[PDB]
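Protein chains in written order, with the authors' numbering: chain B, 1 to 898; chain A, 1 to 898.
There are 2 protein chains.
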Amino acid sequence: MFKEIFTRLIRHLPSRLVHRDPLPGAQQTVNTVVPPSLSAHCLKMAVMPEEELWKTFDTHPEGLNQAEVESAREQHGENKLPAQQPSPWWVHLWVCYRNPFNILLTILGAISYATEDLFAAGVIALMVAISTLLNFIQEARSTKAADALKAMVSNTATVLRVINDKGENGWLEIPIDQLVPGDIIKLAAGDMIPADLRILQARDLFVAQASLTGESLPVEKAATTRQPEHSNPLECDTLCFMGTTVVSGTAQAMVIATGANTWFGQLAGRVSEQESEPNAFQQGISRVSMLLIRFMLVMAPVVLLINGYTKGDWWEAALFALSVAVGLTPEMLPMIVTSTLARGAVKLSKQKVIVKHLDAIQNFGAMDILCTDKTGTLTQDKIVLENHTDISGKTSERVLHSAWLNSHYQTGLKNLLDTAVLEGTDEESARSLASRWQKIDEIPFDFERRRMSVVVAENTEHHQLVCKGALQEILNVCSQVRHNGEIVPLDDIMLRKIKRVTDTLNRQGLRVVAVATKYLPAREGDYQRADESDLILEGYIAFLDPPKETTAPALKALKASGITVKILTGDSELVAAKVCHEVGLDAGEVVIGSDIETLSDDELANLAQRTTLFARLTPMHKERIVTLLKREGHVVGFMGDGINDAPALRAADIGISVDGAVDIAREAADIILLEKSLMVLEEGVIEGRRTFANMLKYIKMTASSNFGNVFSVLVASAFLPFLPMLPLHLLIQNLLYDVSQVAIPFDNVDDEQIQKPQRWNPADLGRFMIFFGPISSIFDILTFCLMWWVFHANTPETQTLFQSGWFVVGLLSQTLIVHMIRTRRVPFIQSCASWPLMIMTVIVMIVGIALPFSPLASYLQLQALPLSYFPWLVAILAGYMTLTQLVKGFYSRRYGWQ
Amino acid sequence: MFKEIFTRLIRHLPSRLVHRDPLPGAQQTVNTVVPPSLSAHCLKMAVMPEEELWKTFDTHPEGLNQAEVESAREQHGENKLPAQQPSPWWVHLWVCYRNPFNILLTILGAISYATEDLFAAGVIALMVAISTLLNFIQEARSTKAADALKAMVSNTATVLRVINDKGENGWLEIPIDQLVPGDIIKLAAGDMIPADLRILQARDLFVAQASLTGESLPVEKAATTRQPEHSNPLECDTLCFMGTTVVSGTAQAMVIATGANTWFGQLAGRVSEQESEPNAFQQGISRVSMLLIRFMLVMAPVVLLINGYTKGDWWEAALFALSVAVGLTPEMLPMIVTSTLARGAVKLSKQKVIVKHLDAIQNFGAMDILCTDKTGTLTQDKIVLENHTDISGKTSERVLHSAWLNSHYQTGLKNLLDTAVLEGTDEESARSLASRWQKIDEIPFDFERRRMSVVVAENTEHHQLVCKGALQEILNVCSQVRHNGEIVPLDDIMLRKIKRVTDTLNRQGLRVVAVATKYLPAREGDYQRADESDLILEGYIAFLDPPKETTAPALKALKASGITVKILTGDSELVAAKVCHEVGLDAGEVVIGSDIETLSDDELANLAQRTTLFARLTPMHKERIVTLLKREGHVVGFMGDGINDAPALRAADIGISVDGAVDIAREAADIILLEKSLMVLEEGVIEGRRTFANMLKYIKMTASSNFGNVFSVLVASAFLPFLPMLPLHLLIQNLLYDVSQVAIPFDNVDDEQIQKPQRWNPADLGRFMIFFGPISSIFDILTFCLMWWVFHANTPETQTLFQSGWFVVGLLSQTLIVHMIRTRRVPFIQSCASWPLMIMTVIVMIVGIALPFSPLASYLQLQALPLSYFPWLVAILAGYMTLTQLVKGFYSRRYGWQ
Ligand SMILES: Nc1ncnc2c1ncn2[C@@H]1O[C@H](COP(=O)(O)OP(=O)(O)OP(O)(O)=S)[C@@H](O)[C@H]1O
Ligand SMILES: Nc1ncnc2c1ncn2[C@@H]1O[C@H](COP(=O)(O)OP(=O)(O)OP(O)(O)=S)[C@@H](O)[C@H]1O
Ligand SMILES: [Mg+2]
Ligand SMILES: [Mg+2]
Ligand SMILES: [Mg+2]
Ligand SMILES: [Mg+2]
Ligand SMILES: [Mg+2]
Ligand SMILES: [Mg+2]
């Protein structure tokens, strides 16, 4: 067979609904080294004086009004990737109609009924047009809902603009897509860079450029270029590129690039190609579409040739065969995937879960392994008990004052320790310290040395450096200690005693943060990491973060569902073990990052397979563990809300980030939780499994019933001198069945199907179709025999009655078999469908019954049915339902439902 | 007027649905001193030898089988109060039909249509029968649901019985109602006494008889009488009465009394009278019923006299006037109160809230003040951090071992301290201590000395007494301390230093529990409270109970709703203040129980009005505060789950107890929470306010529309030579309107109405009826004019058309005005009714508009309506709706909706 390139009937969904966003910010290291044309304009803008910058981008210090921003947007464009542009509705309607199947339907109908048979081909075009509008309406509604949901959780940028429209200006929050070139914004810690910026002013701005330059260390950014030599576009100290984050400090800069014009837009190579590889969901959809196309190509030509050879009317035979094959078209596949999931997403929106792109739900339904960090999930972020002790254990006010100095002047990410220190310190001493001391510089949290430091001064002759951080990192650089109120050198015995005391504190669940203070003479030169040496240790603050009340029940529910919960923390092993024991999560053996840093990939994969608590991990360690976990059929999902957690989020099959997080974590994630709760995640997982099961059920039903009808009519034409149904009748049946199925996304789901992770095998759909098709065909042949013999529809002159008869049964069959195939169990007693499904089933059955007796039946070439047909119809329906219910067991035993 | 005794048409609901349970266990001190006949049988049973007890009650040590327990139940009766017996369904149907209004309806119809007018009086009886069956069905369904809900949370008793039916026996759990006389059960701490018991065996059984004997101190209970002199039935040491609780110890006893035969059944005086005083809900229902009866007595006789004088047919006039007055009958009042609330209760069942009796919902909707205890609600019961230090502060293993000895052997109620001590202690030392030491006696928690004590021994020569409790109570009795590993006398300076250290610990949120140990020579004599003296203090265990994560948001929501949250704790003031500060609840000034023990009632009432945190309270203090809080229009609800919290629960307007609590707290409470969560309580409060608003709306609509029709027909008969409607048509209209209103309990409620506590004023119903009645009357007179002039229904020979005309619009008015009166806002845009209400409205409108064209119309004396009447009825309906919407503003401004 093969010839996949020849087949082009598949219509793929837009790249926004499925597949991850093509702009993670980092992606991968480029090899083309960008185009040189851009990295001359970048350098020029870096060195271009600020005074003439206003005229270049037509920007004023006050800001931009509505007209100016609109003109800039129209001129330059939108701050979005090209793949993120929604199609116009008329384009969407046209592409939803120009598909080969509907065009061929209309052309063949016109050809068959061109000569002296008007109103026979006009209505057959009307029916396919109604089907096309129905599909377009469903797709448009679902896409609009999904796009609205995605934009609900989007990164915001603070821009001056004009509020009063008279020049009053202010500060707003808008999604990054609306940032036009030549716009003035301000930046703070935790806010990602929305677009390429020219730094206008900066106070201690430190940003993380590891996405682009590959260096984990933060890089300074000054208002004016302090670096000596330019000609390195990425390393210029006055420009910040999109996709980077502000580690610390404050700044105000002007937008200079937007959309593809940004460095990441085209220089990173994202715009060029970068569309060769699809994901698992797209591959499964493509497999299903190819299966349906193969089925149609195998079946429909046989019917066409048989009818044409038997009756001699090749055109009518082709039209009828195409009408039969309509039910198996892949054009339905978008709708389902677009509609069902979207509905589930809406329900997730009511459960404090926002899904960015729909396909993640599949992974979100098969997340057997869940890697999370303890604080925020396992324990409350707010700390209840904190005491500022000294080496001897006595309470020290000096340690608390130094902690306040280091936590009130720092401009980095806000920490639970910083908030607790600010709250605990009394107001009077707070004012005294604020008046006495003033900031001179800042050394941000590099995350390698794990030591945040701040330099302050109260006089122009001496500077005091105060640093906090993990106990071991502080101790590695301290030289002196204030034990007993004297500056005694820190000996090995004192270090061992401190380690014993801190281990005792940790085993109780108290984390330890040390504070060190150093005095230096007045120095104009800016301080760097090298100055953090020979520090005088002051004390260690012991604090407790209580485990959340919901943590234990949520973890129990998660492990009952089958989601193996693993912890990848970057704190002390003892604290993590105590937290896991208190929350009831078994820890087994802890594994430090130093060990895994040397093991082989296979050894680490096996260890992660047989481990639950990983402590003292670098972000590279977390990414490596997440990547190596997905080595044998395991779909691992990571949950992080840090600066460096974006690579880990992208590495995992599904990334989850809390709404109250840094902007990069939200942007790179796939699912956004409105709060950091495990119970919310568990409920969302249940709902997502329900939604995926509903979509699979929809596809299976609509494929199986149509294949059964195709088989029915396939073995019918040899012994019939007329068409068993007219193509118009088949189109009516398909439209009414689709109207009935509209409510399937709202169907209930059996608890058996959502008790385990779902592994979707597209190949199972073919076996399901083959098993559940001929059951309808047997009773369709029975209906043919009933019409031919009992009711004497033996001649073409009385053909129409024949057709009408089968029509009714067919429709009702397609409308009733649903209620006996949406289970592994016995319907209506052991399980029931949702009310909307019942309502639609009743409505469609009533319409199908009334259609032969409707006045339009003569227009639709339908003849009224005699009353003797009704008991036979009921008997056939009951027999079909009973037969399928009894035969479901064989399919359950042979292969299984899930 | 007066003559309230003469009026007896009001039907009261059964005493189980409304009003508290008449068996709190304690009630009040009796003055009749019981009947002497019972307190001779009680003494005889106390002194009657155990060997012959088996034959007296026909009980075997192995237990009782199904036949024997059934025979005993049939002979003696059921373990329930007489007021708790549900009525038989046939009795319920008969009492729901023998009401005077329906009987007079049938009698007057028969009298009017006795002579040559059959099939006219038979059908008028059929309609009232159908209405009676509808009312009975609704009442029966709602009562069954409420009774099922009440029995869900009921006290259980562990009884041997027979499981295998072959004599294997075992231990079961059955609601106390099934405990027949001569049944063998076992008792544990926290289980209330289900019925009068004869103690067969007892290990250190201590029970609280303060309900009966009024003594707070626990009383011993031995298998054989150890007291010297009998003839005091309450103080006999071998019998336990119903309504008492087991403070500590274990026992196995035999049931000797059941139902009213128990001491509390009739000797307490509960059976005799004790039904004079109703509650607020019953008084409001009675006021509404009296209002409706007075309105009927004012209106209907006038119509009867006018029609009888004008037309001369007194019997038909009386029939018609009674049919008009049907809509204002109080017979609907049970249904509503029985149905609506029940529906809400069902929803509360899905929100982990179980309502025992329906009336509490009203109080549960007006609970402006909520008194609760901190632990369990404010903070999690489980404690995260605990360290067993000594006086010098060093960690002491001896203190932990003594705590394990005192917490593993005690049989009292489990404490979080006991659980934490048991878990913290290592298994090896646990086994060593268990093997080394053994119990000799026990001194339970009297709650006055606040010191639980246990005496153990490792040799037959020395006994060690170990006691824990609050720090101050332990220190008040200690004499020596093990400071620095020596037995040094406890001086004042050491006491002051310990107090300073413990206050420092408390200010951080850590509670302090001290442990004292004493040595005694081997003494056979049983130990008492007097032996707790000259104890050697060992150490104080410091533990932390973290505040719940949901506490702060739930408290914020509660205070936003208007529920003032007050705390009545019995712990240290500093700990309560720290907890309140951490959870965000403002504390202001703490108040100790010693101060309030001396203040006057008015002073204490004012203080409680202007205070939030009460610490160091006795249960009497809590009861006094709760009682004095309800001194000015305040509905105060208490939440407790302790032994002594039952009087406080009964004192409050509404009592709330958690499902996981002692049996007495659950039994005496009014609402049972499936978990100790404030968010659940807040959601339940919102739902209960919704339910009460729905019931009030139902009553207001069904009264106002009927009064409007009554007024309409009242000023209509003078200028009409025929009845404006037939009584049969009126009955049909009322039945269809009731069918429409069936779904009102499912109506949505505006958030404005449930944003504040509800104060139900029955007198407002009359003003609402007077304001919203004549609007319907104006358009009814318009309909009369339309029929008389435009359609020329000027003679009795063409009377029926007239009637039929009005019929239609009449019904539609009563069916449509609903949608424009269930608001203070504009309908269908600013607020909408629930879908079931819309469905019922549409169905009833269709039925009413189709009845004149139905074949039964001739049977119902109804004539088909000309098509010209349809635009007129549509215009009349639109005008009536618009007029009501416009004039709603005047009613809202003059009085107000809520
Ligand atoms: N700018 C900073 N970036 C990262 N960590 C910081 C920073 N400043 C201080 N820290 C500390 O370093 C720890 C590293 O934790 P992360 O794993 O990066 O994030 P997290 O949410 O705190 O999860 P944990 O700490 O591993 S339980 C933080 O918990 C802080 O105590
Ligand atoms: N048998 C007992 N009955 C009552 N309290 C006891 C008993 N044994 C020990 N206690 C202690 O006495 C305290 C009195 O608290 P209660 O108010 O009666 O109940 P509670 O649920 O603990 O609410 P608290 O303690 O006031 S926050 C308990 O918290 C225990 O620490
Ligand atoms: Mg931001
Ligand atoms: Mg600097
Ligand atoms: Mg069919
Ligand atoms: Mg019990
Ligand atoms: Mg004893
Ligand atoms: Mg009316």
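Yeah, the Cβ is synthetic: ideal placement off N, Cα and C, and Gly gets one too.
Subject >> Any C-beta of chain A under 8 Å from that of B/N387 >> reply: So yes, B/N387 belongs to the interface.
Subject >> Assumed close pair A/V488, A/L537 - CB separation to whole angstroms, cut-off 8 Å >> reply: Rounded, the Cβ-Cβ distance is 10 Å, inconsistent with contact.
Original post:
Which value, in whole angstroms, describes the spacing of the CA atoms of A/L681 and A/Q84?
Top reply: 28 Å
**OP:** Please list, in chain order, all residues of the same chain as A/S704 whose beta carbon is under 8 Å from its beta carbon, the five residues on each side excluded.
**Re:** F768, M769, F772, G773 and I821
Subject >> 8 Å Cβ cutoff, A/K497 in contact with chain B >> reply: Not one chain B Cβ lies under 8 Å of A/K497.
Original post:
Near B/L765, which residues of its chain fall below 8 Å by C-beta distance, leaving aside the five closest residues on each side in sequence?
Top reply: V288, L291, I699, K700 and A703
Original post:
Could you give the distance in angstroms between the alpha-carbon of A/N476 and the alpha-carbon of A/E448?
Top reply: 13 Å
**OP:** Verify whether the separation of the beta carbon atoms of A/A189 and A/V247 is less than 8 Å.
**Re:** Cβ distance < 8 Å, so A/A189 and A/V247 count as in contact.
**OP:** Return the residues of the stretch 544–559 of chain B that lie within a Cβ-Cβ distance of less than 8 Å from chain A, sorted by chain order.
**Re:** Residues passing the 8 Å Cβ filter: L544, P546, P547, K548, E549 and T550.
**OP:** Return no unless some Cβ of chain A is closer than 8 Å to the Cβ of B/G509.
**Re:** yes
Original post:
Quick one: is B/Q351 near chain A, going by C-beta distance under 8 Å?
Top reply: Contact with chain A is absent for B/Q351, since none of that chain's Cβ atoms lies less than 8 Å from the residue's Cβ.
**OP:** Compare the Cα-Cα distances from B/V91 to each of B/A140, B/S892, B/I107 and B/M45 and report the closest residue.
**Re:** Checking every option, the nearest Cα to that of B/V91 belongs to B/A140.
**OP:** Just the C-alpha distance for A/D237 and A/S429, rounded to the nearest angstrom, thanks.
**Re:** Cα-Cα distance, rounded: 39 Å.
Original post:
Could one say the Cβ of A/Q28 lies closer than 8 Å to chain B's Cβ atoms, at least one of them?
Top reply: No - not a single Cβ of chain B is within 8 Å of the one on A/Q28.
Original post:
Listing by chain order, which chain A residues have their CB less than 7 Å from the CB of B/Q380?
Top reply: By Cβ distance, chain A contributes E549.
**OP:** Could you tell me the boundaries of the alpha helix (DSSP H) in which A/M639 lies?
**Re:** First-last for A/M639: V636 to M639, but that is the beta strand (DSSP E), not the alpha helix (DSSP H).
Subject >> Neighbourhood of A/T460 by C-beta, 8 Å cutoff - its chain only, sequence neighbours within 5 removed >> reply: Same-chain partners within the cutoff: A522.
Original post:
Three-state secondary structure (DSSP) at B/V128?
Top reply: helix
Original post:
Skipping 5 residues on each side, what residues in its chain have a beta carbon closer than 8 Å to that of B/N279?
Top reply: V18, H19, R20 and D359
Subject >> Residues of its chain near A/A716, where Cβ-Cβ distance is below 8 Å and the 5 sequence neighbours each way are ignored >> reply: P724, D780, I781 and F784
Subject >> A/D491 CB to nearest heavy atom of ligand 7 below 7 Å >> reply: No; taking the cut-off as 7 Å, the Cβ of A/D491 has no heavy atom of ligand 7 nearer than that.
Original post:
Closer than 7 Å: is that where the CB of A/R529 sits relative to any heavy atom of ligand 2?
Top reply: no
Subject >> Three-way DSSP call (helix, strand, coil) for B/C467 in this model >> reply: strand
**OP:** Could you tell me if the beta carbon of residue 932 of chain B falls within a distance shorter than 7 Å of some heavy atom in ligand 6?
**Re:** Absent from the model: residue 932 of chain B. The displayed extent of chain B is 1 to 898, so no value can be given.
Original post:
Quick one: Cα of A/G588 to Cα of A/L568, how far?
Top reply: 14 Å
Original post:
Would you say B/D446 touches ligand 4, meaning its beta carbon is less than 7 Å from a heavy atom?
Top reply: Not under cutoff, so the answer is no.
Subject >> Chain-ordered chain A contacts of B/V384 [CB-CB under 8 Å] >> reply: Residues of chain A with a Cβ closer than 8 Å to the Cβ of B/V384 are, in chain order, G509, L544, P546, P547 and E582.
Original post:
Which term fits B/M152, buried or exposed, when burial requires 16 or more other beta carbons within 10 angstroms of its beta carbon?
Top reply: exposed
Subject >> Contact under 8 Å by Cβ, A/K394 with A/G562 >> reply: no
**OP:** Please check the pair A/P852 and A/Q861, which I expect to be a contact at CB under 8 Å, by giving their CB distance rounded to whole angstroms.
**Re:** The Cβ separation is near 11 Å, so there is no contact.
Subject >> Rounded straight-line distance, which links the Cα of A/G327 to that of A/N734 >> reply: 6 Å
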